[PDB]
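Some notes on the structure that comes next.
Chain lettering (A, B, C and D) follows the sequence in which the chains are written, and residue indices restart at 1 in each chain.
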Amino acid sequence: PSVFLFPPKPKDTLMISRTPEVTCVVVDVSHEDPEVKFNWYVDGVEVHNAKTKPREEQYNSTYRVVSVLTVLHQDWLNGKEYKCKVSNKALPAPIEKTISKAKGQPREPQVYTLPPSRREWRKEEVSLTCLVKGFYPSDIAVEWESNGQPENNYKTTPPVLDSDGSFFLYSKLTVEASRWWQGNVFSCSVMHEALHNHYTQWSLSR
Amino acid sequence: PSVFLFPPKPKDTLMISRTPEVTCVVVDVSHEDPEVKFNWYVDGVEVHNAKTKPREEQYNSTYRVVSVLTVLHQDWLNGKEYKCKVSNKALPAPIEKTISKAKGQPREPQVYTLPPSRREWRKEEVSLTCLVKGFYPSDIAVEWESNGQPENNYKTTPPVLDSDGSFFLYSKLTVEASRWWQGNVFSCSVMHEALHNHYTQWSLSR
Amino acid sequence: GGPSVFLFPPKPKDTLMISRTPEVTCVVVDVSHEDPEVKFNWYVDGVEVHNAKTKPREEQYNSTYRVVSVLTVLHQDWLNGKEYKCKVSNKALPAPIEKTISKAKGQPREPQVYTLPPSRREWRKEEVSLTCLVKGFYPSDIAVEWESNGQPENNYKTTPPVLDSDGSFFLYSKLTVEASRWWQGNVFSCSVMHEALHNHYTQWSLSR
Amino acid sequence: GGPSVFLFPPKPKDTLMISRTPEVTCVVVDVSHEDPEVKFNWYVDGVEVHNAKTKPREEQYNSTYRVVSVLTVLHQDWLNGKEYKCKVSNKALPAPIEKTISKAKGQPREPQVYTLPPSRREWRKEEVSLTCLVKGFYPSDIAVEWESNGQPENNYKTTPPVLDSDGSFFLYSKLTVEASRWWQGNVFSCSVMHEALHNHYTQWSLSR
């Protein structure tokens, strides 16, 4: 079989109501020896403490077993390393795969909101756009909200390498011309590692 | 025979980058019989993880044993209850003081930016006021920043109860008239459990 | 050792008005069900007076009593930094407890009173709020009321005094009116009262 | 035995413009040292084609070879969605590997190009960022360039096109300008190239 390790999603590591989760999937375990054993090393330390939890089954005449390891918000941010040992009988000698924060030199993203072009003002649907430039690591959380409730019709591009050894992106919230001109205000919310408070909100009004 | 239980500081619970802590102390108890045995329980279930401290002798002739358990932001946010236990033969009565998050319906605050009064104009230092009202519980963190850097001449007030069982407070950002008249933006940051993603940020300039 | 004596200054609005008569209050909590008689002695700067109207006791659900004595003081004496002593004597007391309250000593600084209109996003709300900011006073003793065309308002609480980096305080006070009431253009008036004011009083209006 | 094969389409500006010549490029990676012969059968919609250009071998930092092939398409032929199939024949491979690239079958949409001046909180910044929003197009074959006054501004990056709720596409460009260039009146243009255009080109200018 083959092993893949995945980082916590980037809104899990900075919010207080979520639990960050490194998940370890195995993909090609046969119908012959489909038993799996997940041994988690945190920086050489062995962790059944943080409850790992395999709970999954197969497809494609194979077996896809994933293992989720709860982590602490701080430890993921403080460079701690997380290993995963998988002990299946088809494979010769155990597979160990690693994952860590991002190494790197953190970079604070500048966040600017951009009112829609005047060529789409008197259409049916304006497009508010919010650009975050100059961040590192490549992992951010861009969402929109308006009047304390979420907004759900917005699409963020991928992060893009700059020549400044940092990343940018654009999120575009499409909202009806009705609400734009009602005076309603919509906000761009960025969660990043390197922000003070991990958080910033910038408003697009009038 | 006297112990006390103190809850985590509101700000330590609103920021992944801090650690909440519940504090059990002993005072006016340890006389000729020390060795207290703290037993911590998280919503009934047993927990070690706790780091009690050596004893401190005052001129009260007594001693002071303090035991600090670290709290997880989600448990607290979900009102989980934490327990304490007893010393030696000096106490026929077990001590089981227990503390939880403020119980009751949560209410998100409304946070408004207010500019200086016209009467303030031309004075060397001008004031910026943020009004935050309608929250519950009183767990809240206010912070003025400019350019993502936090200000140093802000002062927040105690949260006061309203008619509607709500809270409000104010935060005054004293700032030299130059930085204001120039056009620099200042902005206050409120972290509270009932906000969307538990953060908000309203900016202000003129 | 059990019976605890707490002393309280007069309410600010009673000291700052020449007509109202202020009242320092010496309360004793946690006196026994079995020694319920307690003696109140009041000293004014060292000379004991006899305007103490010691109240009747009150059995508290602690299975203890709470006993209160109130001494009637003067607009000039409390304001001139006088010191009022309350010597409390019960049989259960290892020491006849003496407590001493006085006006905070220092240079009176007159408070500057800014009125701050509803924020623009509150205009979309049903009830707008008018913000008074009393700033730059000492001592902390102060009183803030709101008025409308000469009639009080109802919905207003006031932020307790907050220390300032220059040994002064500030406070805030919000009054909540209907959106209707603000746009009809009524005048609302923040009445402040601090010792260092012309007749201890001042007032500022907010409209439009 | 391990050879891996890919098929990359001609570039958009390679297409759309009759002055440029578009080519489909098949690249074969991980070819053996002992077995270095790769054979490229080229087919265009099921007919054999010998237009097939160079087969120049290259060397990489392992026991691996990299052999690429280039086939010249006709702008009309690509823009008519012909399937381009290529067949590689290593001795390490028992059954040849094939791969087919073609255009995206669907109805084209014209791009909508919105030029946006930088936000206000960038105005005191050393540099200023001009951004170009290209909305609602199909397929995702579009080119986006910049030019301030005839010569081509070269300090820009573009996001990959990402899919909207319509099933249309949108992307962004970002010109980074030194603030003085912007503040004097220099006019910057976001030139765009797509298939569903007239003459396959527009350009909207922006200065302030």
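Rule of thumb we're sticking to: contacts are C-beta pairs under 8 Å (C-beta built on N, C-alpha and C of every residue); 3 or more make two chains touch, one makes a residue touch a chain.
Shared contact partners of chain A and chain C comprise B. Most remote chain with respect to chain C, judged by CA-atom centres, is D.
Put simply, the C-alpha centre of chain B and that of chain D have 54 angstrom between them. If you average the CA atoms of chain B and of chain C, the two centres end up 27 Å from each other.
Taking each chain's centre as the mean of its C-alpha atoms, chain C lies 75 Å from chain D.
Residues of chain A found to touch two or more other chains are absent. The full set of touching chain pairs reads A-B, A-D, B-C. In the complex of the two chains, the chain A residues touching chain B come out as 13-19, 73-74, 77, 108, 143, 145, 148-150, 189, 191, 195-203. Across the complex, chain C meets chain B through its residues 112, 114-116, 119, 121-122, 125, 129, 131, 133, 135, 155, 157-160, 162-165, 170, 172, 174, 176.
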